[PDB]
Protein chains: 2
Amino acid sequence: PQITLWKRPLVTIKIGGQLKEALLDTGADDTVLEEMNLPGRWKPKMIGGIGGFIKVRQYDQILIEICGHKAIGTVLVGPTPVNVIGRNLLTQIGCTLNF
Amino acid sequence: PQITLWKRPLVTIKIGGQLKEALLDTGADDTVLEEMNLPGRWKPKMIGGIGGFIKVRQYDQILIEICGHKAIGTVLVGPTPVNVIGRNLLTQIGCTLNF
Ligand SMILES: CC(C)CN(C[C@@H](O)[C@H](Cc1ccccc1)NC(=O)O[C@H]1CO[C@H]2OCC[C@H]21)S(=O)(=O)c1ccc2c(c1)CC[C@@H]2O
């Protein structure tokens, strides 16, 4: 579909058998999601943006479905105020910016 | 243009007569630029990001050209890690997400 940007580009995603709401975020290199106790191994990471850094858990090869488009890649889990789908997964669902 | 997301969506902007590089950021409500000199009045403002809140200088009705497309709108100036173009200006240049 086509998503205008008058409001935040929020979509439903399916991850870890749970449905959540996330932003389609061209400004995020990678995907960052709210605290969720996913199974499997992970490695610690620090990610920075406006206001500073947060500590997150990096999970690899995670399956996510975004508006019915399946993707698989890195998901960073931590105390983020918003869930963002970043370019690592947006490329996989074929998402472009257009103007 | 149609912009894929294998790389950061970086573009050249013109603001205050100076060229700069900025990131097209659909996950940003607002446009935030790194410290710079801009003419005119400004009001102290706070904005929150992934890591917390920062103090910015808010400039209203600022001419800014983004990849050859003109906008006039609010530009926040402050200690952001990256020059980001947010939805307040992406809508002005007609930017949509498409997949
Ligand atoms: C600033 C960008 C360059 C990087 N961010 C992504 C932007 O889209 C953030 C997303 C966001 C939205 C809502 C709340 C919190 C965050 N928007 C943002 O800060 O918006 C400002 C300005 O407008 C306001 O409206 C929203 C908030 C205000 S990030 O979240 O910091 C990030 C993500 C992944 C990753 C990193 C860093 C590092 C490595 C990893 O890839």
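We name chains A, B, ... by the order of the sequence lines, and we start the count at 1 in each one. Atoms considered below: every heavy atom in the structure, side chains included; atoms not considered: hydrogens, waters and symmetry mates.
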Is there a donor-acceptor pair closer than 3.5 Å between any side-chain N or O of B:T96 and the backbone N or O of A:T4?
no
Note, A:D29 side chain near B:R8 side chain (heavy atom, < 4.5 Å):
yes
Does B:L63 belong to the same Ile/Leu/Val/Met/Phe/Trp/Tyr cluster as B:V77, with side-chain heavy atoms less than 4.5 Å apart forming each link?
no
With a 4.5 angstrom heavy-atom cut-off, which part of B:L23 approaches chain A: side chain, backbone, both or neither?
side chain
Is there side-chain contact between A:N98 and B:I3, with heavy atoms separated by less than 4.5 Å?
no
Note, A:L5 side chain near B:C95 side chain (heavy atom, < 4.5 Å):
yes
Are there over 12 heavy-atom neighbours, none belonging to B:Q61, within less than 6.0 Å of that residue's CD?
no
Residue, of B:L90, B:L24, B:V84, that accumulates the most heavy atom pairs under 4.5 Å with chain A
B:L24
Can you pull out the residues in residues 10-22 of chain B with any heavy atom less than 4.5 Å from chain A?
none
May I ask whether B:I64 and B:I72 are part of the same hydrophobic cluster, defined by side-chain heavy atoms of I, L, V, M, F, W, Y residues being less than 4.5 angstrom apart, directly or through others?
no
Heavy-atom closest contact (B:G49 atom, A:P81 atom, distance)
O-CG, 4.0 Å
On a heavy-atom basis, which atom in B:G27 and which in A:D25 lie closest, and how many Å separate them?
N-OD1, 3.1 Å
Consider only side-chain heavy atoms of I, L, V, M, F, W and Y, link residues closer than 4.5 Å, and tell whether B:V75 and B:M36 are in one cluster.
yes
Which atom of B:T80 lies closest to which atom of A:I50, heavy atoms considered
OG1-CG1, 3.7 Å
Search all heavy atoms of A:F99 against all heavy atoms of B:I93 and return the closest pair with its distance.
CB-O, 3.4 Å
If the condition is side chain to side chain donor-acceptor pair (under 3.5 Å), which residues does A:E34 pass it with, not counting sequence neighbours?
A:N83
Please look at B:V82 and chain A and tell me whether the side chain, the backbone, both or neither of the residue comes under 4.5 angstrom of a heavy atom of that chain.
neither
